[PDB]
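> What would the 3D arrangement of this be:
(2 chains, ligands or ions: 11)
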Amino acid sequence: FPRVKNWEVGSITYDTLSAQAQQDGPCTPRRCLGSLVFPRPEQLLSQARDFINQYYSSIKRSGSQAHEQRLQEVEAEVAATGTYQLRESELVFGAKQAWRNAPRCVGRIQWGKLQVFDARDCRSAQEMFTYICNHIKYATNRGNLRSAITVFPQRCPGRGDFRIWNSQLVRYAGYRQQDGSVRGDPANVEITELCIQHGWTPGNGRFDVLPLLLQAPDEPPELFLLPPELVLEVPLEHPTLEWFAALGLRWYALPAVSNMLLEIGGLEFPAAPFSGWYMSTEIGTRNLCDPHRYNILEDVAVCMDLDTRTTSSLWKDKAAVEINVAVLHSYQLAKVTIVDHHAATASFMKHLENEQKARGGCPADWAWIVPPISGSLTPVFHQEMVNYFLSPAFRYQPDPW
Amino acid sequence: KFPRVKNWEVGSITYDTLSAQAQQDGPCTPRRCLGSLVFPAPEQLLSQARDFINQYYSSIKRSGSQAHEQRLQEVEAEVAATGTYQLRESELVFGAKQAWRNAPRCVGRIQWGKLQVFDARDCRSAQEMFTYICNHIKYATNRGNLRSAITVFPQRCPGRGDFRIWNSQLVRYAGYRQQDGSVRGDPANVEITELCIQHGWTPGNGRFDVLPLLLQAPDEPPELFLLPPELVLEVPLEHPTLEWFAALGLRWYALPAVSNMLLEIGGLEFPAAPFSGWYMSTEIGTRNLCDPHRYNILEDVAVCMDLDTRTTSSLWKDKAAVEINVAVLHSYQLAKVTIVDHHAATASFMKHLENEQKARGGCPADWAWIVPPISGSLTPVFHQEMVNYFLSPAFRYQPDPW
Ligand code: HEM
Ligand code: HEM
Ligand SMILES: Cc1cc(N)nc(CCc2cc(CCCN(C)C)c(F)c(F)c2F)c1
Ligand SMILES: Cc1cc(N)nc(CCc2cc(CCCN(C)C)c(F)c(F)c2F)c1
Ligand SMILES: C[C@H](O)[C@H](O)[C@H]1CNc2nc(N)[nH]c(=O)c2N1
Ligand SMILES: C[C@H](O)[C@H](O)[C@H]1CNc2nc(N)[nH]c(=O)c2N1
Ligand SMILES: [Cl-]
Ligand SMILES: [Cl-]
Ligand SMILES: [Gd]
Ligand SMILES: [Gd]
Ligand SMILES: [Zn+2]
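Numbers count the residues shown, from 1 in each chain, chains lettered A, B, ... in the order given. Ligands and ions are numbered 1, 2, ... in the order given. See the structure here:
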């Protein structure tokens, strides 16, 4: 049982929940690989059994009546069919657990408040689009964002999978050049040239919302144009830097991850988009200032008349703070839900305290919980953390092409 | 099967083959990663010794030579006759540099080859220890043009207690427990402050009172030594445009000299071997001054800046911290005392990683310690996957001698 210390307060806890760690991680006694982004059949019944036990534990209902009853049914279902179906309440329970188990998510204080749309009877990419359109409408909610997941049919042998080829439901185009440089978002150059390959008339803008490439089983993807009124965006302005608006920056309201695989009780859902609301550093620090993303830092510094000729002026740090200010200001003025990294980390510390008493610990990935600016100014920096894998879970998966 | 490592800013991919040589074991398992935790027999002495001797003879292009096997035999024979062995002077220099080179938590390692090694393994007493330490401070400080150095005191050996420096650094500010339970001065130094008083030091009552040294010779109580004031170079903190900042009365010292770590070379242990370089500005401006459990000045500065401190979304904390770090950089430059900002230091560390990939096939690095505590993703090391592991020679933590 690893001892874990908080260095701001001096308090000590023990992560006994780590003792239940499932699939192995990438680290060994000889070397730590914790900073890497991607870590390098009656088994279905062992995973389903454990998940069923998880479910009845939470509702205080282990070891009586409906517990064993549900245990025999999954056995019989897998015996007769090779797989099984989750009850709607279990699907709801599994989706919230997978979020609760996500070591890289700093917003898990919200994990109990999640709206689950059950799309396991979807039949075509046409239907997907209507589902995705329903999700976006619900989650966006005129700017009062609501956490939501839409769960499409599970993987089954013999047939292809449902897949959303985009990494997010809302992404901006990345247009290559005669000279290699990119207009738009460099992170989406690949899917941009895919969408263009499947017939999408490209734009000429820095912030063109890409179409969706949606894949029903055993069929090639189909392009769908997202209804422009369904995509809520926020023009970025600064509260006092009048010229900031003239930079023409914008970002969208809804962060909806559409390329991760949801795994519950041994079942796999390769199409299960989930959405919450943004922490402001995600937009203002990573999306806008990463060198391989929009890389706007020096343009803002020039406008601020900062001395970009010496690193020790801290011009980078100054421009970054004002970009993050512009993001928070713009989203608040638009009445679109957003949370700053100070508020989010303080709530995560509360979440850790809750999870200590509820489960004996919390899987947390320090490198991803600590925000990309002002790290040691937040309480999570001074909190030791233990990282490990539990099921239900959101897993990474290969791109479908 | 060597770890593949990606840089996400550029797209580069390398393989850390050096990691396959990790001489000891860390805290992680395939079950769980503990990377974020702060604190993670003749035959076995011989095999450590043999490995270090192999390293040294490789470095001087004498691998497998007459002199190489001769040294191996000399060490085998001394361990059999005495239980231990003595390093040659050139082996100690090589081993101290390698220990720095191998330190996973040091972002300053582009400098590792430029290290001045003072051999004090002949030191006899705590009074001689104090004289060696004073000369280290004088050489390293160099009137503000700082020079990296280490002074190596006698090794742990059978029959005798250890040399120990009780202070965690050679220069440290007292922390006076008080009665709100509050601390005046540096809260990190409350324990050592109380030990100094208990050992005859007449305390002060300021926030920046330089501590005396508590020096321990083999099998003796520690002995208290005051640092000659003209050896301790300090920098008053001012801000280039916020003129009220000087009235805070803040100061920091020029020389970061870690004095409580253990230096291990070929199985030999040097419990006393203080080493010093020069500061990265975030160490002072962000950690020492802004940590809630250190001087904790952030809110006071933000109030003086007229920032709105009743809402987090004003980013008042971020804005005050940036100006504190500016103050440190400006003040050390004004004083002509070496200091490196977090952008230049992380840029130089990336070149070190590239140098090391060609030289050794990798580089042990602790991502959480390498990425600066402010502006993390604005520096190139944020975007660089790293592999953490333990090579020897090495600097190691050791328990406090009390
Ligand atoms: C509601 C407010 C939420 C906030 C403030 C939030 C915040 C964050 C942040 C900042 C990250 C870091 C990822 C990055 O840097 O790109 C993250 C990761 C993650 N979040 Fe959340 N999130 C929220 C909702 C959700 C929901 C509703 C789910 C799932 C049901 C979820 C699942 C995840 C997962 C799986 C990751 C890991 C991403 C990856 O490894 O690629 N989050 N979250
Ligand atoms: C010359 C310029 C140097 C710079 C800019 C530098 C920078 C740093 C920084 C920023 C840290 C993080 C520690 C903290 O946050 O408190 C560190 C750690 C460390 N440095 Fe360096 N350093 C330098 C010289 C040296 C030298 C000369 C040595 C040894 C000969 C050394 C060995 C170490 C070790 C062992 C650690 C780990 C300390 C610990 O974990 O307690 N450094 N360094
Ligand atoms: C629901 C949600 C709310 C929120 N507030 N934030 C996120 C963040 C997810 C995310 C994860 C990653 C990691 C890799 C991505 N996949 C394609 C490999 C990103 F890079 C990224 F930009 C990104 F937004 C999700
Ligand atoms: C030569 C050198 C140059 C430089 N630029 N920086 C350092 C910083 C070392 C350091 C390490 C730690 C880790 C904890 C171990 N200690 C408690 C025994 C500190 F806490 C600390 F304050 C501290 F300065 C050293
Ligand atoms: C190389 C490094 O692991 C990589 O840049 C990680 C670091 N921490 C992160 N943390 C978050 N939240 N998101 C990220 O994309 C990353 N990237
Ligand atoms: C708990 C956490 O590991 C701790 O605060 C670490 C994180 N990274 C650090 N990095 C550096 N350079 N110095 C530190 O003291 C720490 N502290
Ligand atoms: Cl994003
Ligand atoms: Cl320090
Ligand atoms: Gd102007
Ligand atoms: Gd002024
Ligand atoms: Zn690890």
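
> Excluding chain neighbours, what is closest to residue A:132?
residue A:169 (6.3 Å; CB to CB, 6 or more residues apart in numbering or on different chains). Backbone N, C-alpha and C define where each C-beta goes, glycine included.

> Next, the contact list for the one you found, please.
Contact analysis of residue A:169 by CB atoms under 8 Å, 6 or more residues apart in numbering or on different chains lists A:132, A:135-136, A:212, A:226, A:254, A:256, A:258, A:273, A:275.

> Check those one by one and keep those near ligand 3.
Restricting those to those near ligand 3 by CB under 6 Å from any ligand atom leaves residue A:275.

> Turn the contacts of residue A:169 into a markdown table, including distance to residue A:338, secondary structure and neighbour count.
As requested, the contacts of residue A:169 are exported to a markdown table (distance: CB to CB, whole Å; DSSP: H, G, I helix; E, B strand; the rest coil; neighbours: other CB atoms under 10 Å in any protein chain shown):
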| residue | distance to residue A:338 | secondary structure | neighbour count |
| --- | --- | --- | --- |
| A:132 | 22 | helix | 26 |
| A:135 | 19 | helix | 23 |
| A:136 | 17 | helix | 24 |
| A:212 | 24 | strand | 25 |
| A:226 | 21 | coil | 17 |
| A:254 | 11 | coil | 25 |
| A:256 | 15 | strand | 25 |
| A:258 | 20 | coil | 23 |
| A:273 | 20 | coil | 27 |
| A:275 | 14 | strand | 26 |
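
> Would you mind measuring from the residue nearest to residue A:132 to residue B:354?
39 Å (CB to CB, to the nearest Å).

> likewise residue A:218?
On the measure of CB to CB, residue A:218 and residue B:354 end up 47 Å apart.

> tell me which parts of the stretch 101-250 of chain A are close to chain B?
Contacts of the stretch 101-250 of chain A with chain B, taken as CB under 8 Å from any CB of the partner chain, are absent.

> which stretches of the stretch 101-250 of chain A form helices?
Ranges of helices in the stretch 101-250 of chain A, per DSSP state H, counting those that start in this stretch, are A:125-140, A:189-197.

> do you know how far the residue nearest to residue A:96 when sequence neighbours are not counted is from ligand 6?
Nearest residue to residue A:96, sequence neighbours excluded (CB to CB, 6+ apart): residue A:114, at 5.2 Å. Counting by CB to the nearest ligand atom, to the nearest Å, the gap between residue A:114 and ligand 6 amounts to 29 Å.

> just residue A:352 next, same as before
13 Å.

> Pull the number of nearby residues for the nearest residue to that residue once chain neighbours are set aside.
Once flanking residues are discounted, residue A:352 sits nearest to residue A:362: 5.2 Å by CB to CB, 6+ apart. Per other CB atoms under 10 Å in any protein chain shown, the neighbour tally for residue A:362 reads 25.

> Residue A:307 now?
Count around residue A:307 with other CB under 10 Å applied: 11.

> Now for it: which residues touch it?
A:313, A:315.

> Please apply the same query to the one 5 residues further on.
Residues touching residue A:312, when contacts are defined by CB under 8 Å, 6+ apart, comprise B:281, B:329, B:333, B:341, B:343-344.

> hang on, the earlier thing: kindly provide the distance from the residue nearest to residue A:132 to ligand 3.
10 Å.

> Not counting sequence-adjacent ones, nearest residue to the residue of the stretch 1-150 of chain A found nearest ligand 6?
Using CB to the nearest ligand atom, the closest approach of the stretch 1-150 of chain A to ligand 6 is made by residue A:7 at 5.2 Å. Leaving aside its sequence neighbours, residue A:7 sits nearest to residue A:382 (CB to CB, 6+ apart; 4.4 Å).

> ok, that neighbour touching residue A:376?
Yes. In this structure, residue A:382 is within contact of residue A:376 by CB atoms under 8 Å, at 7.3 Å.

> For ligand 11, what is the nearest residue in the stretch 301-401 of chain A?
residue A:387 (7.1 Å; CB to the ion).

> which strand residues sit across from that residue in the sheet?
For residue A:387, the beta-bridge partners under DSSP bridges are residue B:33.

> For it, give me its contacts.
So residue A:387 contacts A:25, A:34, A:103, A:363-366, B:32-33, B:35-36 (CB under 8 Å, 6+ apart).

> State the distance from residue A:224 to ligand 2.
50 Å.

> list the contacts for that residue?
A:125, A:129, A:211-212, A:214.

> right, and the pair among those with maximum separation?
A:125 and A:211 (12.4 Å; CB to CB).

> wait, residue A:5 sits on residue A:384?
Yes. Using CB under 8 Å, residue A:5 is in contact with residue A:384, at 5.2 Å.

> The residue positioned nearest the centre of chain A: what's it in contact with?
Central residue of chain A (CA atoms, centre = their mean): residue A:257, 5.1 Å from the mean position. Applying CB under 8 Å, 6+ apart, one finds that residue A:257 lies in contact with A:167-168, A:273-275.

> if we take those residues, which one ends up nearest to ligand 3?
residue A:167 (4.1 Å).

> Next one: the closest one from ligand 11, what distance?
26 Å (CB to the ion, to the nearest Å).

> burial measure for that residue, as a count.
16.

> circling back: ok, residue A:5 and residue A:384, which is more surrounded?
residue A:384 (21 against 16).

> Which residues of the stretch 301-401 of chain A lie near ligand 1?
A:339, A:344, A:368, A:394.

> In CSV: those, plus distance to ligand 3.
As requested, those are exported to CSV (distance: CB to the nearest ligand atom, whole Å):
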residue, distance to ligand 3
A:339, 8
A:344, 9
A:368, 9
A:394, 9
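
> Which members of the residues you listed additionally contact ligand 2?
Within those, nothing lies near ligand 2 by CB under 6 Å from any ligand atom.

> ok, the contacts of residue A:312 vs ligand 4, which is closest?
For those, the nearest to ligand 4 is residue B:281 (9.7 Å; CB to the nearest ligand atom).

> Pretty sure residue A:364 is one of the things residue A:351 touches, is it not?
No. Using CB under 8 Å, residue A:351 and residue A:364 do not qualify as a contacting pair, with a distance of 9.3 Å.

> Phi first, then psi, for whichever residue of the stretch 101-250 of chain A sits closest to ligand 11.
Nearest residue of the stretch 101-250 of chain A to ligand 11, counting by CB to the ion: residue A:103, 12.0 Å away. Dihedral pair for residue A:103: phi -60, psi -20, per degrees, to the nearest 10.

> got the contact list for it?
Contacts of residue A:103 by CB under 8 Å, 6+ apart are A:363-365, A:368, A:387-389.

> Could you do residue A:155 as well?
Going by CB under 8 Å, 6+ apart, the list of residues near residue A:155 reads A:161, A:267-270.

> wait, what's in contact with the residue nearest to residue A:352?
A:15, A:17, A:351-352, A:355-356 are the contacts of residue A:362 under CB under 8 Å, 6+ apart.

> mind running it again at 7 Å?
Contacts for residue A:362 (CB atoms under 7 Å, 6 or more residues apart in numbering or on different chains) come out as A:17, A:352, A:355.

> most surrounded residue in those residues?
residue A:352 (22 neighbours).

> Distance of it relative to ligand 3?
From residue A:352 to ligand 3 the distance is 18 Å (CB to the nearest ligand atom).

> Mind listing residues that contact stretch A:135-154?
Counting by CB under 7 Å, 6+ apart, A:91, A:95, A:110, A:113-120, A:122, A:128, A:131-132, A:162, A:169, A:230, A:232, A:253-254, A:256, A:262, A:267-269, A:271-277, A:334-337 sit against stretch A:135-154.
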